[PDB]
């Protein structure tokens, strides 16, 4: 499993390089971008903004991003392919389901969901022939019965194809522990799983325990902070009010505890978003003008200043993603 699917086709994992493991071109809903592109100004404006952002990220060293947008997050792979080519940055696309499944998804069995996930990995997404290289799932703190079906379907797709699973958690409710339990009940290896949004909490006991079990730990929202924007309730609700430095110290914390190999770092950024309040993309860009370049431009020097070896940062930003994304049975 030394080759992975990208929206431009299969690449060898040595080509991935510096990889951001949790990003989005656009945060939306199924069908929404094509039915109402004017919500984003235009489809063209959105594509142009993504190309400019990805190009600047590439200038900073990024060579690959994993777009973890699912069907129900409005994933438009044709858009991902277009901007990947124009920016010349690898984009790995996802299957799976996020927190907004429509009826036609909500009512399906674990067997059906499994077939859908397998379709997008082994056949292609829609009629594009583009194949997902990862499975994205999301749960509330307490996993719902449908969400549990989604996790079991993800595990079975992973076991059949070797592609990894990445999750959305409510880290303040220690959501990963319930996810991990369902995953392991399906015989799935923790090394195939990233428990994401884990920088949303400062509970190191929770993080190290998961890492100790072999789980990848996603510290993937480092630039998200509504500090200075406390009066904006939606900003506080979405990004929290812990500083980005606070988030970044968890990377050091986990290195210091000997878990350098379990860490995955990202921005959780996007170039448009319709799945939150109107104009929110502007609020986010007001806080983090670096966009997806925030990890290489701001976080990497911060960690070096704190004394973390270059070789360590390189293993985290390059080696961990490659071992993670490489289809592994």
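Residue numbers count along the first chain shown, from 1.
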With B-factors read from the PDB entry, the higher C-alpha mean of 221 to 229 and 187 to 195 is in 221 to 229
Residue range whose averaged C-alpha B-factor is higher in the record, 8 to 16 or 315 to 323: 8 to 16
From 71, 116, 238, 206, which pick has the Cα B-factor that tops the rest in the entry? 238
Note to self: of 78, 104, 140, 95, the C-alpha temperature factor tops out at 140
Just say lowest, middle or highest third for the CA B-factor of residue 279 relative to the other modelled residues in its chain. middle
Would the CA B-factor of residue 244 place it in the lowest, middle or highest third of its chain? middle
Third of the chain's Cα B-factor distribution that residue 27 belongs to, per the entry: lowest
Sorting by Cα B-factor within the chain, modelled residues only, which third would residue 256 end up in: lowest, middle or highest? highest
Cα B factor band for residue 64 (lowest, middle or highest third within the chain): middle
